[PDB]
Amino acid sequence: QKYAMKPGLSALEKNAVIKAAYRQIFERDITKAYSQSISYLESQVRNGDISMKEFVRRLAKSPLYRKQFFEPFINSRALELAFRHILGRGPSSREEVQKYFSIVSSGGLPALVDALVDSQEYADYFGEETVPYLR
């Protein structure tokens, strides 16, 4: 089951695409109703002013994402969570854990998100338009 945001999709499909995005990132049925920010963000991705990649990015940086999947955890644990939500897999090696560990110490949640989202792997699997999915 793969979902991709494109500007000319029907509203039914767009709704389905957005819903998948929240479920993959927040692991629950968040809605535009949750905050001004998320609603604004949703309007951006729905209208094509930002791509799906950019939507995932801003979503993963949000206070909701931060309080559920970053703030309560040690660097080590927060990065494996972000891996799963953004990349659809767990970290593959101790060398990869280390790479992202320093990024987290260095630039916290925003740097963790940017790095996962801007990796060549993310580009290969999900690109600009596709919701991350469990691999």
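In this text, residue numbers run from 1 along the sequence as written.
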>> Highest mean C-alpha temperature factor of the two stretches 23-31 and 81-89, which is it?
In response: 23-31
> Which wins on mean Cα temperature factor, 108-116 or 121-129?
Replying inline: 121-129
> Which one of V45, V56, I38, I103 shows the biggest C-alpha B-factor in the PDB entry?
Replying inline: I38
> According to the PDB entry, is the CA B factor of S51 in the bottom, middle or top third of its chain, that is, lowest, middle or highest?
Replying inline: lowest
> So where's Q68 on the chain's Cα temperature factor ranking, which third?
Replying inline: middle
